[PDB]
Structure formats: structure tokens, C-alpha cells
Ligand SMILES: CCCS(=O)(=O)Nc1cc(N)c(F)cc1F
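For reference, the chain that follows is the form deposited without this ligand, supplied as C-alpha cells.
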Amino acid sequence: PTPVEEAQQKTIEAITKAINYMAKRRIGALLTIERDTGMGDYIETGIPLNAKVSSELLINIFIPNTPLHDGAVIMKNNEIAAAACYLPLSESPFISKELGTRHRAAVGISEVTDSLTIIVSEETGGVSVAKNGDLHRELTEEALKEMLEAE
């Protein structure tokens, strides 16, 4: 593999490891990966990090009752750009009714960007992905990895 390919796989592995840890403990999480549509306006609402990705840092960001856990992490160019970012809340009437603002925020950003957002539910530990205005719920580990690799 090239250097770029190895870096992308390392980042996918760090993400999946962090998501698995948080799903097991039912830690709510919101992680948006910027793609072709620029998201600087939303990145600027959070706490700047421009940090290297690691499963450890992702976990430490989302610990409940900490400064950085409320809001979205936004990743860009293989780094964590910022944490505690605002995302717009979807008004879609087709989101499962039992879901709260975390999932609505993920769907909302997915309606106006080509980004991929991962959500961990604090109620169930379920893992979902928002893209193109739709929420893909109750994902297995393999399903999330396939989505990240496809993206």
C-alpha cells in the first residue's frame, strides 16, 4: 500500500476502535467526517484541536460530563479539526421518533453536505451513520467499516 492508503486505514481503525468502546459503554458520540463539501463554518463553532487521530483521543473527547463531549467532533484531512462543534438540527419527519438531538444533528449536517457522520446512542449504545439525509441505524462493526471504506 501507498503512504496515503496506509494512513487512511490507520484512521479507519482508530475510529472503529473508539466507536466500539463507546458503544459498549453507551457513551453518546457524534463524529462528522468532512468530504468534498467544506465545513469550515461548523468547524469554527467548536474548540480547535487540529490533532492527530487516535482511538485514545476520540474516547477522551466524548467522556460524559467533560468540556469537550457536548457537540460534534469534525474530522478533516485525516485530523481532528475541532470538538464540541455545532451541527444543524434536521427537521425531517422521517427520523425514528425515539431518537434525540444527537441523531437529528447528524442527519441535519448530512442534508447540506456530502459528509459522513457516525452517532453512538447514549440510550442503547447503538451505532448509526448519517449520509445524504438518511440515517442508517443499528450497524454492526462490519457494516460501519464497510461504510468508512466505501466513503
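One-based numbering along the sequence shown. By rigid core we mean the largest C-alpha set that fits within 1.5 Å across both forms.
In terms of root mean square C-alpha deviation after superposing on the rigid core in 8 other deposited structures of this protein, the stretch standing farther out between 110-118 and 93-101 is 93-101. Stretches 89-97 and 106-114 differ in mean CA B factor, with 89-97 having the higher one. The PDB entry reports B-factors from which the mean C-alpha value can be compared for 53-61 and 33-41; the larger average falls on 33-41. For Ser128, the recorded CA temperature factor ranks within the lowest third of the chain's modelled residues.
In the deposited entry, the Cα temperature factor of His136 sits in the bottom third of values across the chain's modelled residues. Split the chain's modelled residues into thirds by C-alpha temperature factor. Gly46 is in the middle one. Placement of the Cα temperature factor of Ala143 within the chain: highest third of the modelled residues, per the deposited record.
Separately, the form solved in complex with this ligand exists; it is not shown, and the next lines address it.
The closest non-hydrogen atom of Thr101 lies within 4.5 Å of this ligand in the entry with it bound.
Residue contact with this ligand in the entry with it bound: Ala82 places no heavy atom within 4.5 Å of it. Of the heavy atoms in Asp70, some are within 4.5 Å of this ligand in the entry with it bound. Proximity of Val107 to this ligand in the entry with it bound: non-hydrogen atoms within 4.5 Å are absent; the residue sits far from the partner. Looking at 17-32, the one residue that comes within 4.5 Å of this ligand in the entry with it bound, counting any heavy atom, is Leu30.
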